[PDB]
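For this one, two forms of the same chain are given in structure tokens, first as structure 1 and then as structure 2.
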Structure 1
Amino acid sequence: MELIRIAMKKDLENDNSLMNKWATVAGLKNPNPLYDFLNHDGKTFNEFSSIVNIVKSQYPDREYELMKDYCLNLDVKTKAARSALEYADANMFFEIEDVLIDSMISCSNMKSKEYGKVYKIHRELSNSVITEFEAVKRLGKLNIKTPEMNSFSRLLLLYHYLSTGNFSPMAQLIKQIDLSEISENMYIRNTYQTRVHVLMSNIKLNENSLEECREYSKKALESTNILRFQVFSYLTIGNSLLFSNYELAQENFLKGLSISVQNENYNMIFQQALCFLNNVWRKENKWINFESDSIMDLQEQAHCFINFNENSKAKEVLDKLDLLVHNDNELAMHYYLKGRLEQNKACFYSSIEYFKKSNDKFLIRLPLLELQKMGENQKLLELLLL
């Protein structure tokens, strides 16, 4: 017996009004399916949101514990397990996802096998185990039948494009996605709509269409109850304001932090966004992570020191950074910081170069802003953002 079923039986003992409340939370017209759920092993809901919405309404702080136990006991050959796979991936519950994938790829239900194989390609691609070319050839070789995996085969590519700064094919590919063709799995259909909204938001951020960016993140927020998408929406909204409005950026990052303070990963993401924000605006910075040796966190240390004319401490931190293997995006920040410290325009030109090499039309604002304050032609600097 699954943890969720035991917990629902206990709360029923203490309060016999619950089954009609839970039925409406689950989108059911009467609670007869809930009685069967508690009394009979292996009984699933036709739509996965029935159980997800009860867990979020009744056991919000135990979602992981309960849904992990529930998902990992599911018969992998069912619609419910297919829904669990998307649930796991959307919530970034990767230990759950990878176990589901590994038993779905070997099962004899053809739909579950296809979903499992498609999500495995996504996991392999997002972890740089395979190239984009290899991934899409594998997708073609699968002979995809379901409208669900037809849509996700495009979404997983869009995530790869985003993670590698390859924005130009994104607009055309995202337009091909047709969620209206999905008729079996409404849980997946609705979570994919959320994913589309957040991807559209990130594309607009990249195009520097900042109002549209916010409108898409707001659509994402209205369409979801999933923490991961709420987190990345607030992060995107805040990022879209980072160079123009300290207080509104801060409000979005503090909102994100307040909903995610209990999760170490999301906590640290908002701490890092607040840290970046306070360094951009040259304020005192309580968010600096002196314990990290990652490139990102050391750069913020240096930035804060330079902001306060603590040049030996800044130089110490850059000497530590000189000894590390930077990617192009990392190098661009490195040159921005060296430029601020040494007060040397040449570094800002290299910083801009490396931001252009990493297709970053966002943080490039840092060296552009310095050159603006050094008196360079504003029109040229605006044209460099394009």
Structure 2
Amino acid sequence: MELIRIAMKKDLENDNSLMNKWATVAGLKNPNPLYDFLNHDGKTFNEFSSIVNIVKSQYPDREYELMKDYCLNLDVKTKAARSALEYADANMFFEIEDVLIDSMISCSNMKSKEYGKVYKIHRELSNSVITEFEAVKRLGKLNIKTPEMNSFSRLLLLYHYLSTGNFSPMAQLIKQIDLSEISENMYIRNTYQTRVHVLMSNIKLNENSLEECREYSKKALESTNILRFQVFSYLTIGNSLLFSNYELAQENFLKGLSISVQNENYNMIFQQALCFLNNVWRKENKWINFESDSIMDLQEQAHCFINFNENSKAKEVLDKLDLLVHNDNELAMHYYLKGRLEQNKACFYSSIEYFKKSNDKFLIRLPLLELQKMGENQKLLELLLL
């Protein structure tokens, strides 16, 4: 007996009104599928959302504990297990996901085998275990049948491009995704819809359409009850306000941090967000991560040092950075920092050039502001935003 089923039986004995409350929360016509789920081993709800919604409503603080035990006891050949794989990836529950994937690669059901193999490609690509080229080839070699994996094979590339600063291909690749062709699995279809909203929000941010960026994140929030997506919606909304509204950016980052601080990863993400915001506004910055050696955190140290005229401390950090390999987006930021330190027009030109390579129409605002302050033609600067 799974832990979830033990807990529900116990709670039901103490309060009979739960049966109907759970049935409503689970989106059911009546309590029959719930009675079936509670009393028969291996009986699964038709839609995976039913179990998720009950766990979020009734055991919000035990969600991982209970869903880990539940997902790892499912028959991997079922629609519930396929749902579980997406549930695990969406919530970044890597221990659950990688066990499901491994079971599914070598099982007798062809749908579960294909899901397993596509998700394995995503896991490997995002851990830099394989390249984009190798991933695109491996995906080609699977002759993907499901509209679900057809969608996800595109989503996994989108995530890769987002995290490597390669924004050019994203706008057109996302248009190819057609979620209405997914008819069997509503949990997968609806979760993928949330993914698309959050990605769209990021694509609009990078295009400098900021009201649209915010609209998509608002749609993500309304569509979801998953922490991972809520985190990235608040991150993206706050990001969109980085140049125009310090207070409202801060309110979004703090909102995000407040619902997610208990997760190490999300806690870090919002520290980095608040760290960036406070540097952009040249405020005292309680968010700098001094232990870290990543380009992202070292850049923020150097930025803070420059804001407070500690130039030789800035120069030390920038020297460490000169010895690291940068993608285009990172190098664009690198040149901006060198430009600020040295007060040197050429560094801002280089910065602009690398934001253009990266197709970042948002952060390019940083060297453009410095050129404005040096009296460069304001109209040409605005045109460099397009």
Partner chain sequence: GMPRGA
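Definition used throughout: the rigid core is the maximal C-alpha set that superposes within 1.5 Å between two forms. Quick note, the numbers are simply positions in structure 1, starting from 1.
Taken from the form deposited with its partner chain bound is structure 2; the remaining one is not.
In the overlay on the core between structure 1 and structure 2, a shift of 2 Å or more in CA position is seen for a single residue of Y119, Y192, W287, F93, which is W287. Smaller rigid part rotated by 12 degrees relative to the larger one between structure 1 and structure 2 (C-alpha superpositions, whole degrees).
Here the rigid core is superposed, and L366 then shows its C-alpha moved by 4.0 angstrom between structure 1 and structure 2. When the core is overlaid, the C-alpha of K320 ends up 7.1 Å from its other position between structure 1 and structure 2. A C-alpha shift of 1.1 Å is found for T131 between structure 1 and structure 2, based on superposition of the rigid core.
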